[PDB]
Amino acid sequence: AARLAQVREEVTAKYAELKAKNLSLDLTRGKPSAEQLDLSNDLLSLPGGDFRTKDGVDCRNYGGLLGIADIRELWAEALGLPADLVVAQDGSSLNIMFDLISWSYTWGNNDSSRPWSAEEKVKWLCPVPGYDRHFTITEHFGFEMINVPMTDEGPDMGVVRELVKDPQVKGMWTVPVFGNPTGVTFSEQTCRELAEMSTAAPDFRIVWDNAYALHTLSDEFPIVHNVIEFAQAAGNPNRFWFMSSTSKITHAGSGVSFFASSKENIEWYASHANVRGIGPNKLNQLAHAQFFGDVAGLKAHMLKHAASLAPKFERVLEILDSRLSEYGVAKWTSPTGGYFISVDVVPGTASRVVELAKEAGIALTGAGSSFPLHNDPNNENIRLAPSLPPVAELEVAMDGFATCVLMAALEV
């Protein structure tokens, strides 16, 4: 191992050379770049004096709880769902997912014998690495979260099947297409099993958070599996709460959110929503419907995002390969869509990699942030977020990240 003393010397030299660049970069922001945002500049002036829906309804006034037909029909077609199964709300699907759990907790859902608050304990399945904002909701509700391994075609179905036999298990978080942060899209097989399987809880819900349903890096769109109709045809019609939104399509924060589910789930939702409010922002929905025009226009707009994003992911992936490959030090996802790359480093070092990057002026997401309670049991995983920075910055940041990964690896 005279090569070990040589490699840690050349790696130490690269870390010193990295510190000397006096960087200030971050691979932290899972949001659209200004370039991507500029693609929706026309939406900022809409709807103007064209404030009526196709059908002739004045969107400037009260009324309509489930969103306007113009946007609901457009969006349902794009996802391949029937329009009456799709609800359009305000600018956050996270808002809806919280309400869905909040209302199950307070009142029970339409399949509950008792509100989830009346249970001794509530357990919740958490496929990992996953989305911190998901886990924050179930943590806030005091649900006992149970981690479930991700495979390359979705969650470990041998684990899901065994765990769901526990009647305290009330639900599950999923990101089923171009998943945050892993990039995997659940196979049809996996989609069908989740719809078919028996659960001990009679009111088990899967949050099918389809955030990236249209969000390709290439020329091709993923299939959106109609899990709702798998559910119906399998005898479990109410199993999926199907989420999607325009946050990373238009303006992240001032977009349109969508909830799709069975008829009975939508009626349950509405019975509470009806109390909470008169209904969503119809003028924003109209503007969005006018802006996309049709499914064809939506998809055209998705391919411009693709164009902006694709070179960034390609650069990142080549640097990971070129800089880390021969070493046997890291594995990473090669997503074909979405907003993220998930990297697994030498177990026990993820934390040190992040600290080493910070000290060299590169900001990385805190190790374990893809996990419930921010705890990665193996201390191996780091999420990368390449959507915002210019490719020139990504190159430097990603050089350094690779240096930090190797430094950490060679410090034990």
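Residue positions are given as counts along the sequence shown, with the first one as 1.
Chemist: Going by the B-factors listed in the PDB entry, is the mean over the C-alpha atoms higher for 399-407 or for 5-13?
Modeler: Looking at the recorded C-alpha B-factors, 5-13 comes out higher on average.
Chemist: Test of reading the entry: by CA B factor among the chain's modelled residues, which third contains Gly277?
Modeler: It belongs to the middle third of the chain when residues are ordered by C-alpha B-factor.
Chemist: When the deposited Cα B-factors of this chain's modelled residues are ordered and cut into thirds, is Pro372 in the lowest, the middle or the highest one?
Modeler: Lowest third of the chain for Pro372's C-alpha B-factor.
Chemist: Based on the entry's values, in what third of the chain does the Cα temperature factor of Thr53 lie: lowest, middle or highest?
Modeler: Within its chain, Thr53 is a highest-third residue by C-alpha B-factor, going by the deposited values.
Chemist: Using the temperature factors of the C-alpha atoms in this entry, rank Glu139 within its chain: lowest, middle or highest third.
Modeler: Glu139: CA B-factor falls in the lowest third of its chain.
Chemist: State the tercile, meaning the lowest, middle or highest third, of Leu46 with respect to the CA B-factors recorded for its chain.
Modeler: For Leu46, whose C-alpha B-factor we compare with every modelled residue in the chain, the answer is the middle third.
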